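Reviewing the structure listed below.
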Amino acid sequence: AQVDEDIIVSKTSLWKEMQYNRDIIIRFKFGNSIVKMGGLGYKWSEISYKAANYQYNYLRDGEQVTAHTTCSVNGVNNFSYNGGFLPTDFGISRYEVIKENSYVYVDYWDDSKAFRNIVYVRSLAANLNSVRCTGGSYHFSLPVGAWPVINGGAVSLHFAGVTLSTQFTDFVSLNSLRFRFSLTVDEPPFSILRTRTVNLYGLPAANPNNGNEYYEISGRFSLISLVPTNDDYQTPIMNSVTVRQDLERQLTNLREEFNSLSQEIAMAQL
Amino acid sequence: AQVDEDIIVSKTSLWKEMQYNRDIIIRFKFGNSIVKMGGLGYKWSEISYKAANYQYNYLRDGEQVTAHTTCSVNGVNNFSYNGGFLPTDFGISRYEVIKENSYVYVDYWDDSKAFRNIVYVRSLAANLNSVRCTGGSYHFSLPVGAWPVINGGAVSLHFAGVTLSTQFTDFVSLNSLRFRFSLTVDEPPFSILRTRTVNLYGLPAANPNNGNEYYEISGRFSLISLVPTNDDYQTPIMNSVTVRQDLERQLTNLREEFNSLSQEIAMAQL
Amino acid sequence: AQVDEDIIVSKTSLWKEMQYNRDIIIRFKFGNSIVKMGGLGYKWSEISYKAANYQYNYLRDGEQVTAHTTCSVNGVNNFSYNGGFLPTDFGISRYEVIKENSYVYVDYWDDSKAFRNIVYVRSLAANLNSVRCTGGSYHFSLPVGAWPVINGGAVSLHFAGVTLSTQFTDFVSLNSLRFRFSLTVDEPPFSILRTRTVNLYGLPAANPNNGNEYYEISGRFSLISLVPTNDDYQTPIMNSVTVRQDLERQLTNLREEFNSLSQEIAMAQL
């Protein structure tokens, strides 16, 4: 049996049931979303995770395969560092952290033949190997005073269930394989400089990438999917999104209000 | 014939053709987006409707069923109550109302076999007993003055066509059943207390839920759908979305610009 | 054979392959994102293209067919024009211009039979005559002074490859054909008045319509696709979208605190 074996489980006039057994490498990238509150600038409203996409290409047994990965997080805890109510003290209203109770979803899609018309899937199984994700240092750059840095944090992604999924983006709409990863916090705690809380585990959402362009996981899967008989097909994967038009409308309404207010401020000042 | 029968009508080596009839409970919930204008704080910019999602689960004949619902609206009426031209008095630029000319859409999906690979459907029909929706009270919190309250309003949803559709949320993508609802006004007319606009029918977006956890419609549907021959297949249903990076970037640029403006304001103050 | 030919190239008990050959007219409208920076009002933040929808209907040979089109671009070139570093003079940080290197994607869908269940497609070929898109004139609204105006720009869109795609909107998710258009810049350059730069070719994002309601491209395509034999089968066309709830949350937080700051500013002014 080959590492990249292909088998026709069943065939008919218009359809077939191809079994694909591929060895893959999953290169994903955590997505952080940092927003700083107004005022003096010592208060950070949210430090939250975000579904992040990474598009790469790697080397199969002699083949160049373009892959698209999308990492999101499920059930992250909402912690918060608070020092005082005045605008003088550093504060984070809320920041998301990955913990034992949470899960990490990674959706992978490949240019290979195993994904060309993937809609239906038998017996989806895969073996992956765990990985260490260590959080980096992020500097809360204040205009005066110190620069409290959040540091530490480390988790171990351990493989768990696999299902189908979809990868929607402005550019593509892929039918992908989703692997969930349970978690086990590693040893190094995580803490902030000039902060009361210490000796805590997890992975803060500040810079979970921690310098690395990606976290690499080697794995392989085994699926059987209906694809119609011949191969010269283009199921729609490339996309075109014009979604949340009401959201866009209210966003531009807020922007024009902000521009008018700022112009009024400038006119008053000058 | 059973309430939840699973009937065949044509079978082939790869594909079959199931007739599904199910008794369902459609629990949905209205959505609203209150956007209050800037200025002195007496003006509201829009009181609109939103396509609101609602997960739940209810007991079938001895077994749980998890359901996903999405209530949206079409053809709303844009009323506008203007207290006066001054920036000191209560005012609303626009608010959406539900009247006869409009429609209410409710998309529905379950974790049962009837939706396992629902991608093609014919002979679709259903019977849904009507329902009534009465709008609750919403207090417009002005900086000074007795709070005006929009209340009243009640509209009865009567059944109309049933068609296929798709529910898209941040986490999932569901091939769902859409139910159309025509509307009839009812006795209590919506209006604002301590206000001039009176005796006008419909339902306003201020609080269509009226403290109800949901609006429940008992119902059943019938459909016939191609699905693969054996039920061990899974079309992708669970989703990851990163669309509108344009809106993401625009909002982030606005955030940083506003942060600079607010920092300048506070620094000038101090 | 006729202009609107329909064939059955291979039939089976449940599925069949139909070769559809039909004419089309692709009326598509460009999209723009005019964004205003804060400050005195002498600065523009970005003038970029946007994925724009357009729904219409036109008379086929005796029939009246409704159509949906979605225009978008990629690889657009960012040009920056600054009068001077001071904040009193007119300046534009970035505007996006389409040149020979970039492309235009036009996605197209109809009510007609060709798109009833279009998922899998063979041998998709088409013929589209070229079009000429000439930009209009957009007046930049300076606070006080001689309003600078960007005018000109013109590109000939020539046909290129054609593939499948999916148009996502707040109402309908359409399974569509994407036509790729290469570009060749035409004679009349694009220029801003009260300016130093001259005779640079392209099409700026300020106003790619010239007041035109659309750009009409006569067309005819051809494709073979699986559909179920029973023509009563319907794939879900209609849609109900609620993606990117994080954007709603962030925008709402921004608007609430912005209202707070506006209250502070207005009260201080009073």
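What residue, of A:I224, A:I217, A:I192, is more than 16 Å from A:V149 (Cα to Cα), among the aliphatic types (A, V, I, L, M) and away from chain B (no Cβ under 14 Å)?
The conditions single out A:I217.
Which count do you get for residues in region A:48-105 that are within 14 Å of chain B (Cβ to nearest Cβ) and either in contact with a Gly (Cβ under 7 Å, 6 or more places away or on another chain) or not in a loop (DSSP other than H, G, I, E, B) (or both)?
Summing the residues that are within 14 Å of chain B (Cβ to nearest Cβ) and either in contact with a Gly (Cβ under 7 Å, 6 or more places away or on another chain) or not in a loop (DSSP other than H, G, I, E, B) (or both) in region A:48-105 gives 19.
Tally time: how many residues in region A:37-47 are in a strand (DSSP E or B) and either surrounded by 21 or more Cβ atoms within 10 Å (Cβ to Cβ) or more than 10 Å from chain B (Cβ to nearest Cβ) (or both)? Outline the logic, then answer.
Kept after step one, since they are in a strand (DSSP E or B), are these residues of region A:37-47: A:43-47.
From what is left, the residues that are either surrounded by 21 or more Cβ atoms within 10 Å (Cβ to Cβ) or more than 10 Å from chain B (Cβ to nearest Cβ) (or both) are A:43-44, A:46-47.
Residues that pass the stated criteria total 4.
Residue by residue through region A:60-112, note down the ones that are loosely packed, with under 15 Cβ neighbours inside 10 Å and closer than 30 Å to A:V3 by Cβ.
A:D61, A:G62, A:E63, A:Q64, A:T66
Quick check: is even one residue across region C:179-195 among the hydrophobic types (A, V, I, L, M, F, W, C), closer than 30 Å to B:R180 by Cα and buried (at least 19 other Cβ atoms within 10 Å of the Cβ)?
Within region C:179-195, none of the residues are among the hydrophobic types (A, V, I, L, M, F, W, C), closer than 30 Å to B:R180 by Cα and buried (at least 19 other Cβ atoms within 10 Å of the Cβ).
Check C:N210, C:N259, C:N253 and return the single one that is in contact with a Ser or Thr (Cβ under 8 Å, 6 or more places away or on another chain) and without any contact (Cβ under 8 Å) to a residue 60 or more places away in the chain.
Values: C:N210 fails: without any contact (Cβ under 8 Å) to a residue 60 or more places away in the chain; C:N259 fails: in contact with a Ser or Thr (Cβ under 8 Å, 6 or more places away or on another chain).
Every option except C:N253 fails the conditions.
Hey, among C:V73, C:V106, C:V97, which residue is within 27 Å of B:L164 (Cα to Cα) and within 20 Å of the chain's Cα centre (by Cα)?
After applying the criteria, what remains is C:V106.
Taking the residues in region A:227-270 that are touching a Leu at 6+ places or on another chain (Cβ under 6 Å) and under 30 Å from C:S123 (Cα atoms) as candidates, determine which candidate is farthest from the other protein chains (Cβ to nearest Cβ).
Of everything passing the filter in region A:227-270, A:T229 is farthest from the other protein chains (Cβ to nearest Cβ).
Keeping to region A:216-255, report how many residues are surrounded by fewer than 16 Cβ atoms within 10 Å (Cβ to Cβ) and of a type in the set (F, W, Y).
Final tally of qualifying residues: 0.
Within region C:220-232, can you find the residues that are in contact with a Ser or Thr (Cβ under 8 Å, 6 or more places away or on another chain) and within 22 Å of C:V172 (Cα to Cα)?
The one that is in contact with a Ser or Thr (Cβ under 8 Å, 6 or more places away or on another chain) and within 22 Å of C:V172 (Cα to Cα): C:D232.
Is it true that A:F159 is away from every other protein chain (no Cβ under 14 Å), of a type in the set (A, V, I, L, M, F, W, C) and in contact (Cβ under 8 Å) with a residue 12 or more places away in the chain? Before you say what the answer is, go through the steps one by one.
Details: away from every other protein chain (no Cβ under 14 Å): yes; of a type in the set (A, V, I, L, M, F, W, C): yes; in contact (Cβ under 8 Å) with a residue 12 or more places away in the chain: yes.
For A:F159, the condition - away from every other protein chain (no Cβ under 14 Å), of a type in the set (A, V, I, L, M, F, W, C) and in contact (Cβ under 8 Å) with a residue 12 or more places away in the chain - is met.
Would you confirm whether any residue within region A:164-182 is under 21 Å from the mean Cα position of the chain (by Cα), within 11 Å of chain B (Cβ to nearest Cβ) and of a type in the set (D, E)?
Checked against the condition, which is being under 21 Å from the mean Cα position of the chain (by Cα), within 11 Å of chain B (Cβ to nearest Cβ) and of a type in the set (D, E), region A:164-182 yields at least one hit.
Check whether at least one residue in region A:133-140 is free of Cβ contacts under 8 Å to residues at least 24 places away in the same chain, assigned to a strand (DSSP E or B) and surrounded by fewer than 20 Cβ atoms within 10 Å (Cβ to Cβ), and report yes or no.
yes
Please determine whether any residue of region B:6-25 is part of a loop (DSSP other than H, G, I, E, B) and away from chain C (no Cβ under 11 Å).
Among the residues of region B:6-25, not one is part of a loop (DSSP other than H, G, I, E, B) and away from chain C (no Cβ under 11 Å), which makes the answer no.
Anything in region C:26-35 that is in a strand (DSSP E or B) and either within 19 Å of B:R244 (Cα to Cα) or hydroxyl-bearing (S, T, Y) (or both)? List them, or say none. Give the steps one after another, and end with the answer.
Taking region C:26-35 and keeping what is in a strand (DSSP E or B), we get C:28, C:31-35.
Those that are in a strand (DSSP E or B) and either within 19 Å of B:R244 (Cα to Cα) or hydroxyl-bearing (S, T, Y) (or both): C:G31, C:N32, C:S33, C:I34, C:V35.
For region A:185-199, name all the residues that are without any contact (Cβ under 8 Å) to a residue 40 or more places away in the chain and under 30 Å from A:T88 (Cβ atoms).
A:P189, A:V198, A:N199
For the list (1) buried (at least 20 other Cβ atoms within 10 Å of the Cβ); (2) of a type outside the set (S, T, N, Q); (3) touching a residue at least 12 places away in the same chain (Cβ under 8 Å); (4) within 25 Å of C:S137 (Cα to Cα), I need the number of the one condition that C:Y20 fails.
It fails just one condition, (4).
How many residues are more than 15 Å from C:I24 (Cβ to Cβ) and among the aromatic types (F, W, Y) when one looks only at region C:173-227?
Residues in region C:173-227 being more than 15 Å from C:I24 (Cβ to Cβ) and among the aromatic types (F, W, Y): 2 in total.
Pairs under 6 Å by beta carbon, first residue at the interface with chain A (Cβ under 7 Å from one of its Cβ atoms) in region C:114-125, partner part of a loop (DSSP other than H, G, I, E, B), six or more apart or different chains?
Cβ pairs passing all conditions: C:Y120/A:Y233; C:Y120/A:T235; C:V121/A:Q234; C:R122/A:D232.
Could you tell me whether region A:230-244 includes any residue that is in contact with a helix residue (DSSP H, G or I) (Cβ under 8 Å, 6 or more places away or on another chain) and under 23 Å from C:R244 (Cβ atoms)?
yes
Regarding C:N199, is this residue away from chain B (no Cβ under 14 Å) and in contact with a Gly (Cβ under 8 Å, 6 or more places away or on another chain)? Lay out the reasoning, then the answer.
Numbers: away from chain B (no Cβ under 14 Å): yes; in contact with a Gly (Cβ under 8 Å, 6 or more places away or on another chain): no.
The answer is no for C:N199.
If you go through region C:125-145 one residue at a time, how many are in contact with an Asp or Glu (Cβ under 7 Å, 6 or more places away or on another chain) and either of a type in the set (S, T, N, Q) or closer than 16 Å to C:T195 by Cβ (or both)?
0
Here the Cβ is made from the backbone with ideal geometry for all residues, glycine too, and neighbour counts use every protein chain on show. Rule-based calculations on the coordinates, nothing more; no lab input.
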